[PDB]
Amino acid sequence: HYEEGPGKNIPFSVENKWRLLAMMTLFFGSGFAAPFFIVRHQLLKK
Amino acid sequence: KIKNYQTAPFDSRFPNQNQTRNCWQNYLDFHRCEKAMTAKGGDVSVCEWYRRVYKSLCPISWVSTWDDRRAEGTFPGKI
Amino acid sequence: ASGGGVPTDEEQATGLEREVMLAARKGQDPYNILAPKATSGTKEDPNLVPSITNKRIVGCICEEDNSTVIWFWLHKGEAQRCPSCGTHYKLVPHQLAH
Amino acid sequence: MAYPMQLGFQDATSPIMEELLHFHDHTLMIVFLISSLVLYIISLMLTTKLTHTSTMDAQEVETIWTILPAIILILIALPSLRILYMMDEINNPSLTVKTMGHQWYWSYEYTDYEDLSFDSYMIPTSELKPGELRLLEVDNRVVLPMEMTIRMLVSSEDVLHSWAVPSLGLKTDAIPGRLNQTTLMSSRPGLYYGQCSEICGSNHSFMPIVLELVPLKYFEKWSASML
Amino acid sequence: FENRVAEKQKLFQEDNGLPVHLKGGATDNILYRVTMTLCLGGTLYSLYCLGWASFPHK
Amino acid sequence: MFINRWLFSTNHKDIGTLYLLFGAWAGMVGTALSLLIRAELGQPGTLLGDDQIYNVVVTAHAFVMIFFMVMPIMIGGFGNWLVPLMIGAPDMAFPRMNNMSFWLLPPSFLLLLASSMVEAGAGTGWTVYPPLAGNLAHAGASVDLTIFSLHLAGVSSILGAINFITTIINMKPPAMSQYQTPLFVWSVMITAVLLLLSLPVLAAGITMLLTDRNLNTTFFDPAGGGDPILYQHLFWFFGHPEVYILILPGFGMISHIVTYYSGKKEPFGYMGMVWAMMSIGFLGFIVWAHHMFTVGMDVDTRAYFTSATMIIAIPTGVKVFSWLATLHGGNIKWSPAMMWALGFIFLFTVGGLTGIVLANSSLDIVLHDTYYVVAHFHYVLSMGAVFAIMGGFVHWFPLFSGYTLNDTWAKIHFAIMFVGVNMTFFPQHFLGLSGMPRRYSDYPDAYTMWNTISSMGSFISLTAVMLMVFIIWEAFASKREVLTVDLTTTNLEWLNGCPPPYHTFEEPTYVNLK
Amino acid sequence: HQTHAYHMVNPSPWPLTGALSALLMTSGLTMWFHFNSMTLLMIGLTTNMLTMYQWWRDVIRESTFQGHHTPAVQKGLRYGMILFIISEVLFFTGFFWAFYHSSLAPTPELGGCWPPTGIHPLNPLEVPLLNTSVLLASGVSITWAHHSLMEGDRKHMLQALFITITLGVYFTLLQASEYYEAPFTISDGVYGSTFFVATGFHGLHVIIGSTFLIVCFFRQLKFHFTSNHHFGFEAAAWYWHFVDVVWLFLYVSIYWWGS
Amino acid sequence: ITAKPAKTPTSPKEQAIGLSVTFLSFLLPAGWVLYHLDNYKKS
Amino acid sequence: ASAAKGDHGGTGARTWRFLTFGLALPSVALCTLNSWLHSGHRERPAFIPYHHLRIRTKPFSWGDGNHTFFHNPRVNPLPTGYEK
Ligand SMILES: CCCCCCCCCCCCCCCCCC(=O)OCC(COC(=O)CCCCCCCCCCCCCCCCC)OC(=O)CCCCCCCCCCCCCCCCC
Ligand code: HEA
Ligand code: HEA
Ligand SMILES: CCCCC/C=C/C/C=C/C/C=C/C/C=C/CCCC(=O)O[C@H](COC(=O)CCCCCCCCCCCCCCCCC)COP(=O)(O)OCCN
Ligand SMILES: CCCCC/C=C/C/C=C/C/C=C/C/C=C\CCCC(=O)O[C@H](COC(=O)CCCCCCCCCCCCCCCCC)COP(=O)(O)OCCN
Ligand SMILES: CCCCC/C=C\C/C=C/C/C=C\C/C=C\CCCC(=O)O[C@H](COC(=O)CCCCCCCCCCCCCCCCC)COP(=O)(O)OCCN
Ligand SMILES: CCCCCC/C=C/CCCCCCCCCC(=O)O[C@H](COC(=O)CCCCCCCCCCCCCCC)COP(=O)(O)OC[C@@H](O)CO
Ligand SMILES: CCCCCC/C=C\CCCCCCCCCC(=O)O[C@H](COC(=O)CCCCCCCCCCCCCCC)COP(=O)(O)OC[C@@H](O)CO
Ligand SMILES: CCCCCC/C=C\CCCCCCCCCC(=O)O[C@H](COC(=O)CCCCCCCCCCCCCCC)COP(=O)(O)OC[C@@H](O)CO
Ligand SMILES: CCCCCCCCCCO[C@@H]1O[C@H](CO)[C@@H](O[C@H]2O[C@H](CO)[C@@H](O)[C@H](O)[C@H]2O)[C@H](O)[C@H]1O
Ligand SMILES: CCCCCCCCCCO[C@@H]1O[C@H](CO)[C@@H](O[C@H]2O[C@H](CO)[C@@H](O)[C@H](O)[C@H]2O)[C@H](O)[C@H]1O
Ligand SMILES: C[C@H](CCC(=O)O)[C@H]1CC[C@H]2[C@@H]3[C@H](O)C[C@@H]4C[C@H](O)CC[C@]4(C)[C@H]3C[C@H](O)[C@]12C
Ligand SMILES: C[C@H](CCC(=O)O)[C@H]1CC[C@H]2[C@@H]3[C@H](O)C[C@@H]4C[C@H](O)CC[C@]4(C)[C@H]3C[C@H](O)[C@]12C
Ligand code: CUA
Ligand SMILES: [Cu+2]
Ligand SMILES: [Mg+2]
Ligand code: NA
Ligand SMILES: [O-]
Ligand SMILES: [Zn+2]
C-alpha cells in the first residue's frame, strides 16, 4: 500500500528541512522568476 | 422646403445610440430619388434633403466605400 | 413478433452489484443504501449501529428539519449518547466475509 | 483635466455632469454610512467576553435586513434612473460632428455644410511647449461652439477605441461598422481633455482628446479657415 | 454468437493485483506503452516546437 | 509508486493536494506579473519601453490569477479535500475523470506562457475583444494559444462541475437531505452549476474568435455582416457568472471559519445562507451587460441592467449580516484564520458597495474603463477570493499536513498583507473618479502621487508573499504533529484525524431518519 | 473492505494521456494554422482516440466484467450524462445567439436584408426536410430498440439499433453531399459563418452519437447488456435525442426562418 | 488546536537562514532582470 | 396534440416497431422520393465580387490557401470569379 500520516501524503519529501528548503526555493522561485524572463525575452526579440 | 438646414434632425425611426441605419437609409433614399429623377428627366434638387442628412451623419469613409461599390456593381443595397 | 437472447441481472450480474442485488432479495442492507429507522434511543432501547470494526462515526440529526448534524465516534462497549440531544446509540460489531 | 492629488470627479462642465456629482454625493453618503455601520458592528461583536453560543431564531431579524437594504436600493435607483432618462431626453442639436478612432489618433469630421476633416495626434513629450501637459495635448484640437447642443457620432476604422471627456460626463465606445450617438453641451468656454478608454494596442495610453469651447462666431471662422 | 461474458468476468476478477487497464494481459501492456510513448514523445516535440516559435526565423 | 500515486491518482485528497500545489505556483506567476504592472506605473514615464509588453503582462496577470490560482485552489483544492469528507463520502463520483480535470491545467498553462513567448504575446486584455484580438491587429499564434489555453481550462472546470454536482447530489448518507449539507458544500454545488451553464457560452464565443482568425468566418467582422459587440455579449454572459464562481466557495469557507472561531455549533440563518447563495447564482446570469453600459445600447436596456445588478445587494447583504450574527455572543478565538475572515467581511463589503456605484449606468459612463473598476474588483478578488483562500489555508493546513503553523508568524503575515493590499488599491478609487484610464502603461502627470503610493503598496504585499513561503517551510521544517481539534461534532472533515488516511469512510457514517 | 456501494477506481494513466492528447491537438492546430505542419495534430488525434478507447474499455471491464456498477454508481452516471448534455445545449445556444444576432439586424455590408444580398439559400423542402425525416425516424427506431432490450428481445434490439445507425450514417452522407453542393461557403460572410459552424458542430455530434450507438451495437452483440442494466445504451439514446432536437432547432431557425 | 512539540525544532538561527534563503530566491533573479533592463532595450 | 392516429394501451417494442415501419421509414421514403425529383443541377448565378462574401483575412491552412474545404468549382467562385 502507499505511506500515510504526517510528511507522507505529499509528492515532496520533508525528511530533510534543508533538502526541502532547496525544493520550495526552486519551486516558488521558478514561478516568480518566469514573468521577469518573459519580459526579458520579448525586450531582446526587438 | 425647410432648407435653412443646420443639421439632420431627430428621426423617430432611429431614436437610440446606434445611428448606423439612419445614415444608411438617407444614403439609399438619396441615390434612389437621384435615379428616379436622372431617369424620368426631372431635377436632382428634390433629392436634396436625403443628401444633406446622409452627408451630415455618414462617416466620409463609408460614403466613399459605398460610392466606389455603386460604381463597381458590388453595392449590396437596392437602388 | 418476439423472442429472447438477452440475459437477466439474476443470470449475469456479478461482484458487488450481484452482492447488493441478492442482499435486497432477503431484505438486508449490508452496503448502507437505506437510512436506518431510529428507535426511541433510551438507555433500555438504544439505536443499534452495525459496524465491521470496534468504532463507527454516528451523525445525529437531533430533531427533524435541523440543518446541523452532530458527528462523533461510537466505540464497541457501553452505549454512548449524542452530545447535543442525549439519544443513546450502541455498536453491534462484526459481519461480512459470507 | 485632473490636477495633482485629486480625490473626486473633475469639476462639472455641463449640467448633465452637474447632476452626476450630486447623485454621486448621494450614493457615496449611503456607501460611507453602510461601510461604517458594518465596520462598527464587527467591532461591537468582537469586544465582549459575554457569550450566547446556543441556537438563535432567524425569522424576525431577516425581515429587517432585506426590507431596509431593499429601501436603500430604491433611494439610489430613483435618482439613478431620473438622471439616465434626463440624459437620453431629446435635445435638438444645432450641429453634428463625427469622430473616427484609429491606431493611434482621433480623426474628426464636420460635414453639415462644408467637407471639413482633420487628424488629431498627441503632442510628443520632446515637442511640448512651455506649460503644455504630457500625454494630453493634441496638434489639432476639436473646436466646438460653447452654450449649444452638439451631436457627437463616434466610430472607428480599425479596432475598438472609446471617446471620453470626463469633464462633460462623456464616454462612447468607437466600434467599426457602427455609429454611436452622444450629445455634448459645455456651459463654459475653454479646454476639456479626455483619453482613449478602450485598449487598442501599443499606443492606447497616447491618443488623447482635447475640446476647445469658444463662441459661435470664432467657431464659424475657425471652420472656414480649416477647409 | 454465444454469450462468453462469464469467461471475461472470471479473467477480470482473477486475484492477481493487476489494475483494470492491464488485467486483459500482454496487449493491454503493449497498447499502454504505445499510448504513453506517443504522449511523452509528442509532448517533447511540442516543447521543441514552442522553442522554435519563440525566436524569429524570417 | 510515486507515478501510480501522483500521476495516476484516483484519490480526492491527493488530487486536492496537486490542485493546491498548482494554485500556489500559479499564484507566484500571478504575483510577479502584478509587480511588473505596478513597476511600470511606479513613476511617470516608460519602464518596459514597449506598451504591447505591458498589455501582455496585464492580460497574463488576469488569466493566471483567475484560471490558475483562484479556481484551482478553491474548487480543485479545498473542493476535492473537503466536500467528500463533509458528506462522509468515500471519494468523488468520477474519481478518474477528477484526475484529468487536474492534469488539463499544466497543459492549459503551458499554452498561456507559449502565447507570451511567441510573436509579441497577446496584448488583448483578459476579455480578448476583437478586432484587437483579431488576425489583423494580433496577426500570428499568440491569441490562438490564448484561446486554446482557455479551451483546456474550460473542459477541466466543466468536467469538474459535473463531478461536484453528481458527488453532492448522489453520495450523501441516505438520511442527509441537501438541507443537512454544510454551507461550503452548498457553495461548491452552486459554483459547479454556474460553471456548467456559463463556460460552454465562452467556449462558443472564443471558438467563433478562432474561426474569424483562421477559417475566414466573420462572426465579429462588419465586412462579412458580423459585429464585435456580439463577442462582448458572449464573453460577459460567462464573465459575470465567472466572478460569482470566483467568490461563492469563498463565501462557503468564510461561513465555516467564522462559525468555528466563534465557537458556535452552526452559522446563523443556515436556510437564509442557502437562499442567498442560490439567489446570487440565479441573478448572476441576468446582469452581464453592466460590462457594456458604454457600447451604445438603448436607455431601457441600461435601466433594466442597472436595476437587476442592484438586486444582488440584498441576498449578498443577508450573508454579510448573517456572518456578523454568527460572531454575536461567540467565544471568539483570535486565530490567524479568524483574522483573514474578519478582513474578508470588511474588504468584500467595501468592494461590493463600489460595485453598486458602478451598477448605475449613468455614473458608469464616467467610471467605466477607469481605475475605479480596477479598485472595485481588487477589493473583491485580492481582499475577497485571496483573503478567503488564506483563511481557509491556515485553518485547514493542520488537517491536510498533520503539522501546525506558527500562529505568531501567521498573524504577522496577515498584518503585512492587510497594509499591502489597502495601500495598493484604496488610492485607485481616486485615480478612477479623476479619470485615469485602465490598460495604460503611463499617465498624465497629475496621477503620480496615487500611482507612486499604489506601486509602493504592491511591494509590501510581495514581502507578505515571501514570508508565506517561509512560514509553510517552517511548519514542514519543525514537524509539530496535531493532537486535538475542538468542535469535531460540527466539523466532520477533522473527525478522521490529521492527515486523514488515504481511504476514509470505507465504512459509511450511520445517520438515523427517525 | 468497503460497506458502501460506490466505486473506488484503480490508479489510471488515461487522465494523463487525455490531458497530454489535449495539449497535442491544440498545439497541433496552432502548428497547422500558423506554421504549415500537421504532425503534432496527427499525434494528438491518435493518442486522444487511444486514450478514449482504453478509458471506456476499462469502464466496460469495471461494469460488465467486475460488477462495480451498483444502483448507486448507475444513478451517479445518469446525473453525469444529463449534466454533460446540458453543457452541450449551452454550447449550441452560443451559436443560436450568434445566428439570431446577425440575422435579426442585418448590417449595411449585407444590403440591410436577410438573407444577405448574393446568398442563394438551400430549399428547406429538399434535403433539409429529408434530413429532418431521417433523424426523427432514428428517434422512433432507437425507442423500439430500447423497448426490445427491456423485453429480453435480442434479435429485435439489434435490428432497431442497426436501423437507427443506418439513418445516422444516411444523415451524415446527405450533409456531406449538401456541403459539397452548397453554392455558399464558410467565407460568405456571417451567413456562411453561422451556417457551417452551427450545422458543422451538429454534424460532429451526429458522428460522435453514431459512434456511441455502434459501440452499443457491438456490446449488445457480445451480450454485455441485461434487460435491466444497460446504461451505455440509455446514455447513447439520450445523446441521440439531444442531437435530434438540436437538428429541429437548426432546421426551424437557420434553414426555414433564416431562408 | 493542540499539538506535540516539534519533532525537529527550528531555532532562531535556522529560521533566519530559511527566511534569508526564501527572500533571496524571489529577489535575486527579478533584481538581475530589472537591473539589466537598459541592456535589453539598447539591443 | 394527440397527432391523429389512435393506440396507447400498453407500451411494447411491438408498438414502436409498428411506428418505425408504419410511419417513420415511410416518411423517409416519401422525402427520399420528393428529393430525388427536385435534384439535378441549377442555373449557377452571375458572379458579382461583393465585399461581404468570398472573405479572405488569412489563407486557409490547406491547398493554395484560396479554396474553401468543400470547394465545388461548379457553384463556388473564388474572390476573382468562377474557375475555367
Ligand atoms: C491611502 C491614503 C489615504 C489618502 C487620504 C487623503 C487625505 C488628504 C486630503 C485632505 C482633504 C482635502 C479636501 C478635498 C475635498 C474633496 C471632496 C471630493 O472630491 O469628494 C470625493 C472624495 C470623498 O472622499 C473622502 O472624503 C476621502 C475618503 C476617505 C474615506 C475614509 C478613510 C479615512 C482613513 C484614511 C486611510 C486610508 C487607507 C485605509 C482605508 C481602508 C480601506 C477603506 O473622494 C471619494 O469619493 C473617495 C471614494 C472612496 C470610496 C470607497 C468607500 C469605502 C469607504 C470605507 C471607509 C472605512 C473607514 C476607515 C477605517 C480605516 C482603518 C484601516
Ligand atoms: C483573482 C484575481 C486577481 C488577483 C489575486 C489580482 C492581484 C493583483 N492585481 Fe490584478 N487584475 C485582475 C485580477 C486579479 N488581480 C484582473 C482580472 C485584471 C484586469 C485585466 C485586464 O484589464 O485585462 C487585473 C488588473 C490589474 C491592474 C491594472 C492593469 C491596467 O489596467 O493597466 C493592476 C495595477 O495595479 C493590478 C494589480 C494587482 C496587484 C498589485 C495584485 C496583488 O499583488 C495584490 C496582492 C495579492 C497577492 C500577491 C495574492 C497572492 C495569492 C497566492 C500566492 C496564493 C497562494 C496559494 C496557496 C496558499 C495555496 N491588477
Ligand atoms: C469575486 C468577484 C466579484 C464580485 C463578487 C463582484 C460583485 C459586484 N460587482 Fe463586480 N466586477 C468584478 C468582480 C466581482 N464583482 C470584475 C473582475 C469586474 C470587471 C472585470 C473587467 O472589466 O475586467 C467587475 C466589474 C463590475 C462592473 C462594470 C464596471 C465597468 O467596467 O464599467 C459593475 C457594474 O455594475 C460591477 C458591479 C458589481 C455589483 C453590484 C456586485 C455585487 O454582487 C456586490 C454586492 C455586495 C454588496 C452590496 C456589499 C454587501 C452588502 C451589504 C453590506 C448590504 C447593504 C448593501 C446595500 C444597501 C447596497 N462589477
Ligand atoms: C402555438 C399554438 C397555441 C396553442 C396553445 C398551447 C397550449 C399548450 C398546453 C399544454 C398543456 C399542459 C398541461 C400540463 C399537464 C398535462 C397532463 C398531465 C399528465 C400527467 O401527469 O398524467 C400522468 C402521466 O400521463 C402522461 O404522461 C400522458 C399519458 C397520455 C395517454 C392518453 C392519450 C390518448 C389519446 C391519443 C394518443 C395519441 C396517439 C398516439 C399515436 C400517434 C402516432 C402519430 C398520469 O398517467 P395516466 O393517466 O395514469 O396514464 C398514462 C398513460 N399510460
Ligand atoms: C438512396 C437512399 C437509400 C436509403 C437508405 C436508408 C434506409 C433505411 C432502412 C434500413 C434497412 C432496413 C430494413 C429492414 C427490412 C426488413 C427486415 C426483415 C424482417 C421483416 O420482414 O420484418 C417484418 C416487417 O417489416 C417489414 O415488412 C419491413 C417494411 C419496410 C418499410 C419500407 C417502406 C416502404 C414504402 C412503400 C409504401 C409507402 C406508403 C406510405 C403512406 C402512408 C403513411 C402515413 C416483421 O418481422 P416478424 O414477422 O416480426 O419476424 C418474426 C420473428 N422476428
Ligand atoms: C458533415 C460534417 C463532417 C465533419 C468532418 C469534416 C471535417 C472536419 C471538421 C469538423 C469539426 C466541426 C466544426 C469546427 C468548425 C468549423 C467547420 C465547419 C464545418 C465544415 O466542414 O464546413 C466546411 C468548412 O470547412 C472548413 O473550413 C473546416 C476545416 C477544418 C477545421 C478544423 C477544426 C478547427 C476548429 C476546432 C475548434 C474546436 C473547439 C471545441 C471546444 C470544445 C469545448 C470546450 C464547409 O465547406 P465550404 O467549402 O466552406 O462550403 C461548402 C461549399 N461547397
Ligand atoms: C470516425 C469516427 C470518429 C470517432 C471519434 C470521435 C469521438 C467518439 C466518441 C464516441 C462515444 C463513445 C462512448 C463509449 C462508452 C462505452 C462505455 C460504456 O458505455 O460504459 C457503460 C456506462 O456508461 C458510462 O460510463 C458513460 C459513458 C459516457 C460517454 C459519453 C460520450 C459522449 C461525449 C463524447 C465527446 C464529445 C465531444 C464534443 C466536442 C465538442 C457501462 O455500463 P453499462 O453499459 O450499464 O454496462 C454494464 C452492464 O453490462 C452490466 O450488466
Ligand atoms: C480545440 C481542441 C480542444 C480539445 C479538448 C479535449 C479535452 C480533453 C481530451 C479528451 C479526453 C477524454 C477521454 C475519455 C474521458 C471519459 C470520461 C468518462 O467517461 O467519465 C465518466 C464520468 O462522466 C460521465 O459519466 C459523463 C461525462 C463524459 C465526458 C466525456 C469527455 C469528453 C470531453 C469533451 C469536452 C467536454 C465539454 C464540452 C462542452 C463545450 C466516468 O468516470 P470515471 O471517473 O472514469 O470512472 C468512474 C467509474 O465508476 C466508472 O466505472
Ligand atoms: C428563455 C426566456 C428568457 C426571457 C428573456 C428574453 C431572452 C431572450 C429572447 C429575446 C430575443 C428577441 C428580443 C426581441 C426584442 C428586439 C430584438 C432585436 O432586434 O435585438 C437585436 C439582437 O437580438 C438578438 O439577436 C438576441 C439573441 C438572443 C439572446 C438572448 C440571451 C439569453 C440566452 C440564455 C438562455 C438559456 C437557454 C437555455 C436553453 C433552452 C439587437 O439589435 P438592435 O438593438 O435592434 O439594433 C438596431 C438599431 O438600429 C436600433 O437602434
Ligand atoms: C506548448 C506548445 C506551443 C506550440 C507552439 C506552436 C508552434 C508549432 C510550430 C511547429 O514548428 C515547426 O518547426 C519546423 C522544424 O521543426 C519548421 O521548419 C521550418 O524552418 C526552416 C525554415 O527556415 C526549415 O527547417 C524548413 O524549411 C521550415 O519548414 C516548421 O515551419 C514549423 O512549422
Ligand atoms: C519587483 C521584484 C524585485 C524587487 C527588488 C529586488 C531587488 C533585490 C536586489 C537583488 O538584486 C541584485 O542586485 C544587484 C546590485 O545591487 C545586481 O548586481 C549588479 O550590480 C553589481 C554592482 O552594482 C554588480 O556586481 C553585478 O555584476 C550586477 O549584476 C544583481 O544582479 C541582483 O540580483
Ligand atoms: C421558506 C424558506 C425555507 C424555510 C425552511 O424550509 O427551513 C425560507 C428560507 C430563507 C427565507 C427567506 C430569507 O429569510 C430572505 C427573505 C427574508 C424576509 O423576512 C422574508 C422573505 C425572504 C425571501 C425569506 C422567505 C422564506 O422565509 C425563506 C425562503
Ligand atoms: C448474428 C445475429 C444472429 C445470431 C445471434 O443472435 O448472435 C443476427 C441478429 C440480428 C442480425 C442483424 C440485423 O438483422 C440487422 C442487419 C440486417 C441486415 O440484413 C444484415 C446485417 C445486420 C447487421 C444483421 C447481422 C446479423 O445477421 C445479426 C446481428
Ligand atoms: Cu485607441 Cu485605446
Ligand atoms: Cu459583472
Ligand atoms: Mg470598455
Ligand atoms: Na509607465
Ligand atoms: O461584477
Ligand atoms: Zn442528537
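Residue numbers begin at 1 in each chain, while the letters A, B, ... track the order of the sequences.
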Review point. Would you say G/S63 and C/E17 make side-chain contact, with heavy atoms under 4.5 Å?
Key: no

Check your understanding: Is there a side-chain contact between G/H156 and G/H147, using heavy atoms and a 4.5 Å cut-off?
Key -> no

Exercise for review: Ignoring hydrogens and angles, tell me if any N or O in the side chain of G/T47 forms a donor-acceptor pair with the backbone of G/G44 under 3.5 Å.
Suggested key: yes

Point to revise | Heavy-atom neighbours of A/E4 CD exceed 12 at 6.0 Å | key: yes

Review point. If we ignore angles and hydrogens, is there a donor and acceptor under 3.5 Å between the side chains of G/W247 and G/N131?
Key: no

Point to revise | Expected output: side-chain G/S227 to main-chain G/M150 donor-acceptor under 3.5 Å | key: no

Exercise for review: Any chance you could measure G/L16, atom CG, to F/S9, atom OG, to the nearest 0.5 Å?
Suggested key: 12.0 Å

Check your understanding: Between F/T504 and F/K13, do the side chains contain an N or O donor and an N or O acceptor separated by less than 3.5 Å?
Key -> yes

Check your understanding: Does G/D153 reach the main-chain N or O of C/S2 with its side chain, forming a donor-acceptor pair under 3.5 Å?
Key -> no

Review point. Hey, mind stepping through G/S141 and G/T164 against side-chain hydrogen bond (donor to acceptor under 3.5 Å, both in side chains) and telling me if it holds?
Key: CA-CA 5 Å; G/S141 66; G/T164 302; 2.6 Å; yes

**Study point:** Candidate pair G/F242 and G/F92, rule side chain to side chain contact (heavy atoms under 4.5 Å, CB included), full reasoning
**Key:** CA-CA 11 Å; G/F242 160 74; G/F92 276 97; 4.0 Å; yes

Practice item. Using a 4.5 Å cut-off on heavy atoms from C-beta on, say whether the side chain of F/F94 contacts that of F/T167. Key: no

**Study point:** G/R57 side chain vs G/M52 backbone, donor-acceptor pair below 3.5 Å
**Key:** no

Review point. So how far is it from F/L197 CG to F/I158 CD1, rounded to the nearest 0.5 Å?
Key: 10.0 Å

Practice item. Carefully, step by step, assess G/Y53 and E/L31 under the rule side chain to side chain contact (heavy atoms under 4.5 Å, CB included). Key: CA-CA 10 Å; G/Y53 177 75; E/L31 203 49; 4.2 Å; yes

Point to revise | E/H21 backbone acceptor or donor facing G/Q54 side chain under 3.5 Å | key: no

**Study point:** OH (A/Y2) with more than 12 external heavy atoms under 6.0 Å
**Key:** yes

Exercise for review: Say whether, by atom type as modelled, one donor and one acceptor occur between the side chain of F/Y19 and the main chain of F/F102 under 3.5 angstrom.
Suggested key: yes

Exercise for review: First locate atom CD of G/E234, then atom CG of G/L149, and finally report the distance between them rounded to the nearest 0.5 Å.
Suggested key: 9.0 Å

Exercise for review: Take atom CE of G/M8 as the centre, draw a 6.0 Å sphere, and report whether it contains more than 12 heavy atoms from other residues, nucleotides or ligands.
Suggested key: yes

Point to revise | Sidechain N-carboxylate O distance under 4.0 Å for I/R14, G/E151 | key: no

**Study point:** Note, F/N496 side chain near F/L85 side chain (heavy atom, < 4.5 Å)
**Key:** no

Exercise for review: Could you grab the distance from atom CG of G/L41 to atom OG1 of G/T26, nearest 0.5 Å is fine?
Suggested key: 9.5 Å

**Study point:** G/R61 side chain vs E/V20 backbone, donor-acceptor pair below 3.5 Å
**Key:** yes

Practice item. Kindly check if the number of other-residue, nucleotide or ligand heavy atoms within 6.0 Å of CZ (I/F18) is above 12? Key: no

Exercise for review: Start with the C-alpha gap between G/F65 and E/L11, add the side-chain angles, then the distance that decides, and say whether side chain to side chain contact (heavy atoms under 4.5 Å, CB included) holds.
Suggested key: CA-CA 8 Å; G/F65 303 160; E/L11 167 60; over 6 Å; no

Review point. Any donor-acceptor pair under 3.5 Å linking the side chain of G/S87 with the backbone of G/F84?
Key: yes

Check your understanding: Does the side chain of F/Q178 reach to within under 4.5 Å of the side chain of F/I169, using non-hydrogen atoms?
Key -> yes

Review point. Under 6.0 Å from the CZ atom of F/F2, do we count more than 12 heavy atoms belonging to anything else shown?
Key: yes

**Study point:** Working for side-chain hydrogen bond (donor to acceptor under 3.5 Å, both in side chains), residues G/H7 and G/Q66
**Key:** CA-CA 11 Å; G/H7 189 194; G/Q66 296 185 160; 5.4 Å; no

Review point. Does the side chain of F/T17 come under 3.5 Å of the side chain of F/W81 through a donor N or O and an acceptor N or O?
Key: yes

Practice item. Would you please say whether a donor-acceptor pair under 3.5 Å links the side chains of G/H202 and G/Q175? Key: no

Check your understanding: Within a radius of less than 6.0 Å around CD of E/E2, do more than 12 heavy atoms belonging to other residues, nucleotides or ligands occur?
Key -> no

Exercise for review: Give, for atom CD1 of G/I43 and atom CG of G/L50, the distance between the pair rounded to the nearest 0.5 Å.
Suggested key: 12.0 Å

Exercise for review: Using the test ring-ring contact (aromatic ring centres under 6.0 Å, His included), find all partners of I/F21 that sit at least two apart in sequence or belong to another chain.
Suggested key: G/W144

Check your understanding: Are the aromatic rings of G/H146 and G/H230 close, with centres under 6.0 Å apart?
Key -> yes

Exercise for review: Kindly assign one of parallel, tilted or perpendicular to the pair G/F201 and G/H205, based on the angle between their ring planes and the thresholds 30° and 60°.
Suggested key: perpendicular

Check your understanding: Are any of the side-chain nitrogens in C/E10 or C/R18 under 4.0 Å away from the carboxylate oxygens of its partner?
Key -> yes

Exercise for review: Step through the shown structure and confirm whether more than 12 heavy atoms of other residues, nucleotides or ligands are within 6.0 Å of CG on G/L173.
Suggested key: yes

Check your understanding: Can you check side chain to side chain contact (heavy atoms under 4.5 Å, CB included) on G/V73 and G/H68, steps first, answer last?
Key -> CA-CA 8 Å; G/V73 167; G/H68 293 288; 5.8 Å; no

Exercise for review: Scan side-chain atoms only and decide if C/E11 and G/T226 contain a donor-acceptor pair under the 3.5 Å cut-off.
Suggested key: no

Check your understanding: Does any non-hydrogen side-chain atom of G/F225 lie less than 4.5 Å from one of C/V6?
Key -> no

Check your understanding: Can you tell if the side chain of G/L158 reaches within under 4.5 Å of the side chain of G/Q220, non-hydrogen atoms only?
Key -> yes

Exercise for review: Indicate yes or no for a side-chain donor-acceptor contact from F/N99 to the backbone of G/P15 under 3.5 Å, with no hydrogens or angles considered.
Suggested key: no

Check your understanding: If we ignore angles and hydrogens, is there a donor and acceptor under 3.5 Å between the side chains of G/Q74 and G/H229?
Key -> yes

**Study point:** Donor-acceptor pair, side chain of F/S108 and main chain of F/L104, under 3.5 angstrom
**Key:** no

Check your understanding: Between G/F233 and G/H224, is the gap from one ring center to the other below 6.0 Å?
Key -> no

Practice item. Can you establish whether the number of heavy atoms outside C/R25 located under 6.0 Å from its atom CZ is more than 12? Key: yes

Exercise for review: To the nearest 0.5 angstrom, please state how far the CG atom of F/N163 sits from the CD1 atom of F/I75.
Suggested key: 12.5 Å

Practice item. Decide yes or no for G/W14 and F/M100: does some side-chain heavy atom of the first lie under 4.5 Å from some side-chain heavy atom of the second? Key: no

Point to revise | Between C/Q12 and E/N3: side-chain donor-acceptor atoms closer than 3.5 Å | key: yes

Check your understanding: Strictly by modelled atom types, are G/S138 and G/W240 linked by a side-chain donor-acceptor pair under 3.5 Å?
Key -> yes

